[PDB]
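Understanding the architecture of this molecule
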Amino acid sequence: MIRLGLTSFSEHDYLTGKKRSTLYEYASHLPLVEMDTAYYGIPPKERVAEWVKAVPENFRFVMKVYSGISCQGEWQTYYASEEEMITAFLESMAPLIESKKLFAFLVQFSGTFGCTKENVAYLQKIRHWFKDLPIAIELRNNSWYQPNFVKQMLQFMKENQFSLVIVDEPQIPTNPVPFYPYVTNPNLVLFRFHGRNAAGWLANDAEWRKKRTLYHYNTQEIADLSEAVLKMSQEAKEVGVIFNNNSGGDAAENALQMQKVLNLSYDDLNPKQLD
Amino acid sequence: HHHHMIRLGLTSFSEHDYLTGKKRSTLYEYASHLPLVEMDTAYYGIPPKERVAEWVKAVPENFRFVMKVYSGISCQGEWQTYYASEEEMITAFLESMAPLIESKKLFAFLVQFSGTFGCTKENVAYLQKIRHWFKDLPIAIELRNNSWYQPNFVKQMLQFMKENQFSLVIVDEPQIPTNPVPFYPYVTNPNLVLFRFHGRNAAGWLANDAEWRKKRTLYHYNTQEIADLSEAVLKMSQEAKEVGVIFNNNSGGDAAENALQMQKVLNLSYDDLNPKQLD
Ligand SMILES: [Cl-]
Ligand SMILES: [Cl-]
């Protein structure tokens, strides 16, 4: 099975018709979402249970971990230890964990997170922090993908059962990772498309925040990306896909375009109308 | 003849429905009530030169801005994210704030550091690096780690600020059992002072609590507390030319009232913008 999803469930009016949509409404169209809620602050267990209750049996969640864990944030800010930060996170996510609706905890690392002895150790630290949970590592630094590291890194990922996210980001003259279809964990793969707005990037441009995921994958690009998704589904059990190119609002459209190209069905929630 | 002057302000201008009446308030509407405001817009991302100019154009001649610097500069963020060098990140920031600087409506660039930013040789170096970056501009430094305020550092530190013309922010935060900074009313820069009242919600603090995000600035100063804070400001205004005060205790919406409550106590006036009955 191949699950196509989007980041955020409320901001996809193409998918649902309404400007702000509910998770229930969302899960009447796709069987997958990424949620970056916890990234900015670990939510209460009760609200995580609201999400679980709002979706089908077949539905899955890509849950982005707290920035304190992926190192953009600081554990010190609200927690007395790195250990207690994880404890807080896992206690918050228990409802999602126990429900079997977790696709994987996404651990997106900064662009500055490069291939060093420390960082490799930290990746092992994360393995230990998330006992036997599905962890998806998104590297955004081509240093890991250099000829002298690639093969040993991929091996590292396999050993630690890490599902290395397959990333399609704009190939800016910095350190963007390549679109490298490869299954590190056969039990689950994760694609993440951020658009290819290479043109539109300027050095020292603050608006790159908005432009970096402003893209409408054309009919050709979707065909090529689909072929990759399909090729990894041969080598993997679960295969997740998250379209993140939504600065223009194109995410939902491009995802359903791929659904057609991959020819996929649905057993989601259902519609109604009253209030 | 210029007299030393006091300004009471708040963080952001829109959500203060108390002193405006409207749920969302404009900067113009805000600037018909108080002479000062802090804006944290740049902290999350450096805005365009154009929008900064709009702010300047929407306020009186004697209105002042406390402009919180980009997170990449105070180190909560990474300069790498959008810039080719620490240097170009500063160029980008100062080109953006060009209108605000040239208007003479800038009170100070606020540089708030993390709680993890304690007293270190490397940290002191970065402060001097900041001094360089901001040439001859007003810089208010807010430290949030008591390591700087220990007996073996505090005095040496205060001199460091004086010598680098830094206006060390007088902080008033919840005195949690962690590394909170004490209320230390002291003028490091006689040309400008800056208070920042974050509240005193020590009770309500839980270790490993994520909701401390909202609880930490959730407080309503009582008349006794306002009087105590007022006396502090009155003391510093005698030693300083310009004194700023930013009420940041607005998780419950109380900042506005507490600020105006202090205004009555300090007994202050205004000749800023003017209200209107149209929209
Ligand atoms: Cl991103
Ligand atoms: Cl704060």
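The record names X-ray crystallography as the way this model was obtained, at a resolution of 3.100 Å.

The title given for this PDB entry is "Crystal structure of a duf72 family protein (ef0366) from enterococcus faecalis v583 at 3.10 A resolution".

So, about the pairing of strand β9 (residues 242–247) of chain B. Residue and element names in this part refer to chain B. Burial of β9 is extensive: five of the six residues sit out of reach of the surface. The pairing of strand β1 (residues 5–11) with β9 spans six bridges and is classified as parallel. Following the sheet pairing, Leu8 is matched in β9 by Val245. Where strand β8 (residues 193–197) and β9 come together, five bridges link them in parallel fashion. In the strand pairing of β9, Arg196 is matched with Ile246.

Let's shift gears to the interface of chain A and chain B. With 19 residues of chain A at the interface, the matching set in chain B holds 21 residues. Between chain A and chain B the total buried area reaches about 1600 Å² when both faces are included, carbon and sulfur atoms providing 43% of it. The largest per-residue losses of area from chain A upon contact with chain B belong to A:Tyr78, A:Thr112 and A:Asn204, which jointly make up 41% of the total buried on that side. Linking chain A with chain B are zero salt bridges, by the criterion used here.

For the rest of this paragraph, the subject is the UniProt feature "binding site: Zn(2+) 2" (unreviewed entry) in chain B. UniProt marks B:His132 with the feature "binding site: Zn(2+) 2" (unreviewed entry), using the numbering shown here. Among the structural elements, B:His132 can be located in helix α8 (residues 121–133).

Right, let's get into the sheet that holds strand β1 (residues 2–7) of chain A. Residue and element names in this part refer to chain A. Read across the open sheet, the nine strands follow the order β6-β5-β4-β3-β2-β1-β9-β8-β7; overall the sheet is parallel. The two strands at the open ends of the sheet, each matched to only one other strand, are β6 (163–164) and β7 (166–168). Relative to strand β9 (residues 238–243), strand β8 (residues 188–193) runs parallel, the two sharing six bridges. Counterpart to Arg192 in the pairing with β9 is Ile242. Sitting on the sheet, helix α12 (residues 251–262) is in contact with β1, β8 and β9, with an inclination near 175° to β1.

Once that is clear, we can look at the packing of helix α11 (residues 223–239) of chain B against helix α12 (residues 255–266) of chain B. Residue and element names in this part refer to chain B. Their axes nearest at 10 Å, the elements α11 and α12 cross at an angle of 60°. Classified by the interaxial angle, the pair formed by α11 and α12 is oblique. α12 is crossed by α11, and the crossing has right-handed handedness. In contact with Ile226, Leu229, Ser230 and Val233 of α11, α12 contributes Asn258, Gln261, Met262, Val265 and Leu266. Its residues assigned to classes, the contact of α11 with α12 shows six nonpolar, three polar and no charged.

A word on the environment of A:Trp75. All names here are of chain A. Along the chain, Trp75 falls in the loop between α5 (67–70) and α6 (82–92). As a C-alpha pair, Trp75 and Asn58 span 17 residues in sequence and 34 Å in three-dimensional space. Excluding residues within four positions of it along the chain, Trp75 makes contact with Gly68, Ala80, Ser81, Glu82 and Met85.

Here we take up the packing of aromatic side chains. According to the stated counting rule, one finds 41 aromatic pairs over all chains in the structure shown. With a centroid separation of 6.4 Å and an interplanar angle of 80°, the aromatic rings of B:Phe113 and B:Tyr126 are classed as edge-to-face. Linking B:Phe113 in the loop between β4 (106–112) and α8 with B:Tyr126 in helix α8, this pair joins segments that are 13 residues apart in sequence. Accessibility assignment for this pair places B:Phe113 and B:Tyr126 in one class, buried. Within the aromatic cluster, the residues linked to one another by ring pairs are A:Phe179, A:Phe191, A:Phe193, A:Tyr215, A:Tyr217 and A:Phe243.

Calculation rules
- Residues numbered from 1 in each chain as written, not as in the entry; some residues may be left out.
- Chains lettered and ligands numbered in written order.
- Heavy atoms only, no water.
- Residues with missing side-chain atoms left out of burial classes, pairs and counts.
- Buried < 20%, exposed > 50% of the residue type's maximum accessible area, 1.4 Å probe, protein only.
- Helix = DSSP H or I, 4+ residues; strand = E, 2+ residues; numbered from the N terminus.
- Pairing = 2+ DSSP bridges.
- Contact = heavy atoms within 4.5 Å.
- Buried area = accessible area lost by both parts, 1.4 Å probe.
- Salt bridge = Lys/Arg side-chain N within 4 Å of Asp/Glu carboxyl O.
- UniProt positions renumbered as here; feature names shortened; annotations may be inferred.
- Axes fitted to C-alpha atoms, helices over the stretch in contact; angles between N-to-C directions.
- Parallel < 35°, antiparallel > 145°, perpendicular 65-115°, else oblique.
- Left-handed = near helix turned anticlockwise from the far one by under 90°.
- Nonpolar A, V, L, I, M, F, W, Y, C, P; charged D, E, K, R; others polar.
- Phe/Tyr/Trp six-rings, centres within 6.5 Å; stacked < 30°, edge-to-face > 60°.

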